């Protein structure tokens, strides 16, 4: 056939098996040419059909496009001229071969298609494509054999066919220029993201992403510098696609009632997974093509007769094997994890949509925490199962295929070797469940220290008054003792679990080799049959060592997925009872509607019938719990129907009993996403009397409101909530108790200006439900609700004339009273820090994946423990009155320097046994060539395994002492680190606490300490063991080939530059990731608090729009660091591959002296470089991130300090004896940059003198008390007490002798007794004596547990007056000579105030009392009165002396009666 076609042979082994293997000619230009030619003409319709489907506008012709187009035009000229010569040469009566002129014809036709495709390539978004990029690269490789064939023939003094060669030479020359130009990608200015613009070669090598990383290396990143993620991954598009199949599956699920979500995703995403399933096989096949190539290459160096060319081909094929394997692998991770974010984006938005539509009956079971738990953890769990769908089938594929290779290779002895691998899993199982048992048991102890520390932080000042800090310092330290005892057992578990994982590849190598050489047979070992095996086990572990992990994960996902089904599959609210009419004569009407909360429960509203005209003012009243708040719920549609219907017209405005507020500004909340109209905006503020309050607020209307309005008083929240309703200008207004929390005068103002017959809402229908009675005469009609039914209705005069139950209840509760509340503080805290980032999937980097598995559970448990609280903050505006190398060095300083320098020695001395084992094993394999069959002595040639076993156990003992010893260092470091914080922040000045909101201190003492002893300890063991493994293997490569160490330098510099750029960018994206994720959780928690409000204004669509862009703002960055993470392996395995691919050439070209065994180790473990060298940078990323916790620890542990608690000049034990107080020109300031609040007070307090202090607010009255106890240190002047200066005495030598009754009663969680006597210095009868004196004996005895009764947080289980009375018992307990009162009766009823006051003159007559009170009559009994204004004393005299003088005290007394 082809013999006559070429007048030459097809191919023969004679041409092959030669020292210079020359590929037969005719086979070249007839077979290999048919590969790219056949590649084009078959798939050519597929591309043009695909392009013709999507026709667009043509793009501008860049000079680059003209360049690659005309170059192909030259190729046609190339085809033209060469076709001409063969026809002319045929005139010489020579029968030219058919291939000579048929080859151009094929080229002639095919290049026109290239012109056609290139010309048509303009319209597509992608200026290049795989169908072209692969064609050029395939043509070069498939034309390379022709290239080397032509050159060698012509070099041997042959120029007969020179014309064909040179034209072909330049023909090959132009093809490569096409590729180097086609691979280049031009920006068409169409899309911000180069993802749709980058050429195919850039799409794999990720050269397009260099823009971000290069930009990141210059200046800190920002949200706008990260592009929005394409058009496909738009959350709205994702939601619509998923929900279509979701509802269909739900409908079929309903039919089964006479579980689906995992099926639903497959029905929708089967296209995406296929692109990875077909690709994952290509990966696995090329993982095993290397060890097969090892056997060929190792055998090459065994004997000398091998042709030189086989070595180079093996080396080159080794190179391309990795590149194909590398490209698909990263094209797999990037595609698979793109699904990982894709799936979560669907459910996270989908659950939000279902949230606004669920029936409240379903919500009656879930709290606020449970609903957000779906996205906090349950949605997050759906990534990990999704992050490995292909791994469930891949893992079983590798293990069985690996067995087949080794079983065919090594023999039926590895069953024990793979057998011991199987038996590893039971150890991993038992240790894992033991670890889980103790860590969850550690949480209960962990949260206790957190809760205990919340209450001390809130009331640090109160502790400073009495100096209880040593008691709490030992209390927390004692609690920390139970922390480490559980922790050490946990850490001792982790060193064992990493032991079995790390040791097993060595152990199996010992067992597998020992058995084969020692079975009763003539068994020989050599390099080729040994070194291929060890590579297989390196491949084998990862699919097998992770096998228990996904099984746990699948069960872990099983509980999570079911919770989603019960939520999403839950029913929706039934709005059929609510009828919306546009022509109904009334605003609203009842039609015998009976409503019940639960279908099995009784009806809360029974057969009630009303009818309200449009624009009327109607009042609905009734006893508490009669169903008043329930009737309004019927209007909202949240109330279930039994029978009847309701007709409502127009938009409705609603205000709940408990005000719901959003996060933002006051202007934003009232605006509610509408349009700002200033004239209405000013009118509504005046009408709702918000003007006096915004003036009080420092930021005015633009002031940021705290979460749930903690920055705002409860009474105000009702006013803004009502003000929000007024701005909307709706039709129906429902006013569920809008005036109870406001003042009577303000209630008069809001009614007249908004609600009354002169209000802004005169023309609108208004339904008010109120508890007050004075506004009813101004109401058009009054309805009374009784027992869920209406009793009487009519006008105020008619109901009064009827003498009904309203008249009976008219005389009773004429007024209802109710004071106001004050709150003017801000909360600054952040708890969004994580420890799992940078790793989306376990298979990303599997060297030691046991570490990352614990991180997922560690992060899940801490985010599940959402229970956290504070106590209070009275009126502080911001802080005002008037209410790299060295850090790790320090870290390792905490670790015992003795231990740290030997555990590192153990790791390095672990490696020498590792490297010796491989070294000496190579010498063992030399036995095969030097010994004939049955020539080895059975004893002295089998003693080798004894050495291997000894070094095998050396691999264990060396690292057993390493990991186990590191456990002690880690727990010891955590102890000394934790002591440093408690020894300082407790000792830290309160001025530091003044400028620092408690939120930072809470998270720093909790979040940072949590990771430093849990996450960081596991990551360090990871980092050294990989680095030393790398150093061990290259230091072995260098001794085998000394030339290698020279070529390391170019590889070293490129590597360190790459890792520098990534850590300079990947570090920032994590912080940006955290700051955008928390609003999503915050937003959901924000809206779920106010669902009944949302359907009232029908703004459902706006929130979906609002959430749709917020989640996009988040997921646009998580996708942006996945590519950066993928950016490594492509640009770093090309470093890993060259350091192993180059090795092959040096061994090949040094074959004249190396042996067969020598090339084994230098190349065997060299295949472990790629998958482990990249593991190094991944750890380096986390270390540079998680160390910021230690950064933040160092900042707080170096803060300032007060004077020592105890000084050398201790006071006499009886001191104070008289309680005399002397002030001399005393000046202080809150901060050095702030002005002097106190301005030189000089006063003398006689013994046994009662002094009351009066003055305006913030006149230093509270400051002076702080000065007495030395909270604010002396800026100038001094205080002398009983002839002794307090400056020279320590704080703990003076604070025990003085007593204060604080205005704010902060109490300590625990028993009653510890709240009174934490030091246990007094007996129970003395405590009982104090309680009866404080008049608490009846109440405390009434408690079931008596003096041991538990105290809730901030004393939430006790009333305000009791807490004043309880702290009064503290003063009676101490019996200090000096007593100070500072607004102790602000929130005390007059009865208890008299009781509190009575306890003063009787039990404190023999003590000096300083009283500060806004209540003047409480000071009339004081012997002396101090008037403090603007930091100075103005008047000094007795109350009767000051009353006669017309001064500020007389004026204040005039104001107070």
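In the authors' numbering, the protein residues as written are 1 to 258, 308 to 932, 963 to 1536.
Ideal placement from N, C-alpha and C gives every residue a C-beta, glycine not left out.
Under the three-pair Cβ rule at 8 Å, the segment 1238-1252 counts as touching the segment 1101-1119. Cα atoms of residue 1317 and residue 1059: separation of roughly 35 Å, rounded to the nearest angstrom. In this structure, 321 is the residue among 1046, 408, 321, 586 with its C-alpha nearest to the C-alpha of residue 438. Residue range 1094-1119 is occupied by the alpha helix (DSSP H) that includes residue 1100, with no beta strand (DSSP E) assigned at that position. Considering only 1488, 1496, 174, 1142, the residue with the shortest C-alpha distance to residue 143 is 174.
Linking residue 11 to residue 20 through their CA atoms gives a straight-line distance of about 15 Å. For residue 1507, the enclosing beta strand (DSSP E) covers residues 1503-1508. With contacts defined as CB atoms closer than 9 Å, residue 1064 and residue 1275 qualify as a contacting pair. In this model, residue 855 and residue 824 are separated by some 15 Å (Cα to Cα). Residue 1323 has 1301 as its beta-bridge partners, per DSSP.
Residue burial is scored here from C-beta neighbours: residue 58 has fewer than 16 other C-beta atoms within 10 angstroms and is therefore classed as exposed. By a beta-carbon distance limit of 8 Å, residue 1396 contacts residue 1452. Their separation comes to about 7 Å.
Between residue 1503 and residue 1299, the C-beta gap is not smaller than 9 Å, which leaves the two residues out of contact. Around the Cβ of residue 660, a 10 Å sphere holds fewer than 16 other Cβ atoms; the residue is exposed. Contact fails between the segment 1332-1345 and the segment 1261-1274, because fewer than three Cβ pairs, one in each stretch, are under 8 Å apart. Taking the Cα of residue 1509 as reference, the smallest distance to any Cα among 71, 833, 1333 is reached at 1333.
Shown here, residue 1131 sits in a helix according to DSSP, grouped into three states.
Residue state for residue 1359 is assigned as strand, using DSSP reduced to three classes. When Cβ pairs closer than 8 Å are counted between the two stretches, the segment 999-1006 is seen not to touch the segment 1068-1083, the count staying below three. The C-alpha of residue 423 lies about 7 Å from the C-alpha of residue 613. In its chain, beyond the 5 residues on either side, 971, 1048 have a beta carbon closer than 8 Å to the beta carbon of residue 979. Annotation: the continuous alpha helix (DSSP H) that includes residue 1196 extends over 1179-1228. Distance from the Cα of residue 548 is smallest, within the candidate group 495, 477, 1359, for 477. Close CB contacts of residue 678 within its chain, under the 7 Å cut and outside five residues either way in sequence, are with 706, 785 (chain order). In this structure, residue 1377 sits away from residue 1491, with a CB-CB distance that is not shorter than 9 Å. Bounds of any alpha helix (DSSP H) do not take in residue 702; it lies within the beta strand (DSSP E) bounded by 701-704. Residue 1499 sits in coil when the DSSP states are folded into three classes, being neither helix nor strand. Taking a cut-off of 8 Å on C-beta distances, the segment 1199-1206 does not touch the segment 395-407, as fewer than three cross pairs fall below it. The Cβ atoms of residue 1471 and residue 1435 lie no closer than 9 Å to each other. Just so you know, the alpha carbons of residue 992 and residue 1190 end up roughly 52 Å apart.
Residue 1393 has its alpha-carbon roughly 52 Å from the corresponding atom of residue 1143. The count of Cβ pairs closer than 8 Å, one atom from the segment 1127-1137 and one from the segment 1174-1182, stays below three, leaving the stretches out of contact. Burial check for residue 741: the Cβ neighbour count within 10 Å stays below 16, so the residue is exposed.
Within its own chain, the residues whose Cβ lies closer than 8 Å to the Cβ of residue 326, once the five positions on either side in sequence are excluded, are 439, listed in chain order. For the 9 Å CB-CB criterion, residue 668 and residue 863 do not form a contact.
Three or more Cβ pairs drawn from the segment 535-549 and the segment 479-487 lie within less than 8 Å of each other, which places the two stretches in contact.
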